[PDB]
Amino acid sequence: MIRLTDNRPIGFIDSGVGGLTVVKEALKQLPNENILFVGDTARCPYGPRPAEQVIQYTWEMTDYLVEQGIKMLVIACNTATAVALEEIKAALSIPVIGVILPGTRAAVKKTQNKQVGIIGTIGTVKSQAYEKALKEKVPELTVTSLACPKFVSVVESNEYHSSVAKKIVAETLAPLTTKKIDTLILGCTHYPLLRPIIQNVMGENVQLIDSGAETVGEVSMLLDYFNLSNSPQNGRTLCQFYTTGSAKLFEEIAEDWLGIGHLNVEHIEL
């Protein structure tokens, strides 16, 4: 059993800053892995854009990180996952993972009464990506999908602990607390910052599924499958962030969400 020590970094790409919560989970779950992240904030959001454009931009972020030396790629964007993941995965020689299926898989396992909910942006909800993936696994599931329009703004404004946040979450999820849902998927990478509030509003009897966290769980298994793990003797020595937009704003957001002090953020061009 020849195990190879590979200290190349794992790459993460996103149109915006939401993917930072996926990196946060990677830092915790994969303590010995190096990390590279790109947030295409200069062109965020990708949702409204035609597929041709989304694929082009996602390829630009991908190419950038591949040239920086990544050994595996995590597409932390829902739109990029739904629109460009298949093409990129087929073309590259490195493993490529998206966020939707891992969360869906976890939800199917966690639910007991088969009443599953999923919250996310209106784009994610309207795409039906989660409902379809859930039903393709278990047709008997009763799936409730709910768009939460203002959640992203609250988190990106670093006000996810404010009175405004508690009010917005409480009022937005109200109709979701009367369907006997026992499993709720956080279908937007920004939502983990609002988890305490979401948990309180939904109740202790509701299991929340963090799709990004589940995605990192898949990465852990894939590192072993593809023989790409770094060693503990090496440990994490690199964690670099790149953004096509304001490095100042990106750093303000990143350092607040990750809560681990100073971070390395560099403005780049794609």
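Sequential numbering from 1, following the sequence displayed.
- Higher mean CA temperature factor between 172-180 and 88-96: 172-180, per the PDB entry.
- As the entry records it, the average C-alpha temperature factor is higher for 200-208, out of 200-208 and 240-248.
- When the C-alpha B factors of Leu101, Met72, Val138, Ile119 are read from the deposited coordinates, the top value falls at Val138.
- Highest C-alpha temperature factor among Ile260, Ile10, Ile13, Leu20 per the entry: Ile260.
- For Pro50, the recorded CA B-factor ranks within the highest third of the chain. Only modelled residues enter the ranking.
- The deposited CA B-factor of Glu266 belongs to the middle third of values across its chain.
- When the CA B factors of the chain's modelled residues are split into thirds, the value for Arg105 lands in the middle one.
- When the CA B factors of the chain's modelled residues are split into thirds, the value for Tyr160 lands in the highest one.
- Among the modelled residues of the chain, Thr144 sits in the middle third by CA temperature factor in this PDB entry.
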